[PDB]
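Below: one structure, written as structure tokens.
Every residue, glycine as well, gets a Cβ built from its backbone with ideal geometry; the counts of neighbours run over all protein chains shown. None of the figures in this text is laboratory data; all of them are computed from the coordinates on show.
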Amino acid sequence: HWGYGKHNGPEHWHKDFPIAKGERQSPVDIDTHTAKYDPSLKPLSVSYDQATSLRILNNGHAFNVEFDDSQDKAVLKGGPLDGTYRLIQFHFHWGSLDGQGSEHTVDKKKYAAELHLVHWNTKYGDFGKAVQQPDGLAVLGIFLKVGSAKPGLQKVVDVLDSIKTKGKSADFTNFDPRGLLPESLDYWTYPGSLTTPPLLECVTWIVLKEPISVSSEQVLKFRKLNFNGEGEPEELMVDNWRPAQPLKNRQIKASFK
Ligand SMILES: CC[C@H](C)CCC(=O)Nc1ccc(S(N)(=O)=O)cc1
Ligand SMILES: [Zn+2]
């Protein structure tokens, strides 16, 4: 099965998922000088006041904080998007070292980690239908750098001990994802894909320019998670990122000058 090791990592994925070599794969390097300001882009609208988190799950590749997406409760709209996208889950990708971990890069710079807030287009009814459409998902990407702690992340950090291994979940209600956002909603946007198998080409990526800062102790706790299940040999969940993929026939647009 696919993963992030030498024998099953990103360079292998194309054998089971040929779309890995497709025309709109993610992540990509964001060349800031080549991205073009698009004055017709609208401000993002991030409406998370009614978000209902439910659970946190270690799925063997990352941990997902899952939300109730059976009503319009936490939605993303505006920006490059037409229509309304509902928050279903967020997760991160991170490194074994502070100098790597992000999936997107900015002028080839790697951040310590990257948060993905995953949303699906309500016109398709459910997430499984949405991933089969070119405009099915909108993923809000936010870079993490190591410095000061992010207080709004701490409730996530502190539950990780309870979901150390693959397949473990824990109740995780009343978590407010607004505490994970930077001040500015300036962003870059481009059409892309899921960054893990099945690598479906269904995502409008919206990547915030401003990173959030997290403490070294916060990211160290991410790195204590396990890829393996309980009672299997311990493999630390680190370096669960896909490297930048060719941009091909795409233009990255900026919301800002
Ligand atoms: C049918 C599709 C898939 C098996 C269903 C499970 C799923 O949601 N996968 C997923 C979600 C988000 C990302 S990312 N890293 O934000 O692009 C990567 C993978
Ligand atoms: Zn992701």
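What to note about this one:
- Inter-label distance, nm, simple model (7 Å from Cα along the C-beta direction), residue 52/residue 96: 4.2 nm
- Only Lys, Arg (+1) and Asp, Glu (-1) charged, at Cβ; the chain dipole about Cα centre in debye: 500 debye
- Relative contact order (percent, whole number), segment 139-206, Cα cutoff 8 Å, 6+ residue spacing: 34 percent
- Using equal-weight Cα scatterers in the Debye expression, the normalised intensity of segment 105-167 in log10 at q = 0.11, 0.21, 0.26 Å⁻¹ is -0.44, -0.97, -1.02.
- Cβ-Cβ FRET estimate between residue 257 and residue 8, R0 fixed at 51 Å, reported to 0.05: 0.75
- The residue list 95, 35, 149 was ranked by how far each Cα lies along the charge dipole of the chain toward its positive end, using unit charges on Cβ atoms, and 35 comes out on top.
- Residue of 190, 48, 111 that the Gaussian network model of the chain assigns the largest fluctuation, springs spanning Cα pairs under 10 Å: 48
- Across every direction, the projection of the convex hull enclosing the Cα atoms of the chain has a mean area of 12.9 nm².
- Each peptide in 100-110, 149-159, 192-202 was scored by the mean count of other Cβ atoms within 10 Å over its residues; highest first, the order is 192-202, 100-110, 149-159.
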